[PDB]
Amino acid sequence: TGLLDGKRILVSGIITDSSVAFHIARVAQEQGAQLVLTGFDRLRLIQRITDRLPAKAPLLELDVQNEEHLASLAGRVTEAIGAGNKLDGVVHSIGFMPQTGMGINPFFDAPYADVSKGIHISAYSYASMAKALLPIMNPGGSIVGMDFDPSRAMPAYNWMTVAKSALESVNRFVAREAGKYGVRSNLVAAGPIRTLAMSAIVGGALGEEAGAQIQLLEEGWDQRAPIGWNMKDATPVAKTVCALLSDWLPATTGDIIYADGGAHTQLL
């Protein structure tokens, strides 16, 4: 019971318990939402991970690059939530960019095939998911994707930043479509969260200079953030996602909410 009581919400993007989407799922359940989860490749893993969620939630396979998965998606969700029931919320918390598109690999050296896959999973799939799910969403519904502010270039994030810029653009178009359904579409631009991958890149997985730069990035983020930024705490971002899934931001779409400690509003 609470912020999302009675809402049926699909949450994609759980892969581990430090997945941003894990915390989104957890908070949404604490707030009364009934979840359907989608998981990409390692469903056994994901099932075991989501066992620790406050409540049980059906898990559906969704490889966002798999047209059949997307084509079957709404029927599978309807099976999961019961005929005559629709989704009130959809959470896109998916992103990927091949290593060549990031870190120390020179920006110019990322082969387009890699970039394109990154943009497919990280940006285009936002529209894919909305296409699959809008038919089974209620008026007053909410689609939320995860963004990392790409409005300025930065070290290491390279083509993933490009992918986020594309995602932000996609979101504005998804909002136009979603609006026909009485549905809002918005992004949450989060501060840096020490996910496994972020920890790995800080630890030098994508090159020492990239690691050093990302560390400087996270330090400066907390410094700039008027209320600070705790990269080890995804809860403030999960809460923000939940804010958008709720009825409490009913006049916002095609938009980006910055759950980044206010870092983006401050130069130094």
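Residue numbers run from 1 along the displayed sequence.
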| property | result |
| --- | --- |
| Average Cα temperature factor in the PDB entry - higher stretch of 44-52, 236-244 | 44-52 |
| Greater mean Cα temperature factor according to the PDB record, 159-167 or 191-199 | 191-199 |
| Residue with maximal Cα B-factor (values as given in the PDB entry) among 153, 91, 121, 80 | 80 |
| Position of residue 76 among the chain's modelled residues by C-alpha B-factor, lowest, middle or highest third | highest |
| Residue 85 - Cα temperature factor, lowest/middle/highest third of chain | highest |
| Residue 211 by Cα B-factor - lowest, middle or highest third of the modelled chain | middle |
| Assigned third (lowest, middle, highest) for the C-alpha B factor of residue 32 | highest |
| Residue 59 - which third its CA temperature factor falls in, relative to the rest of the chain | highest |
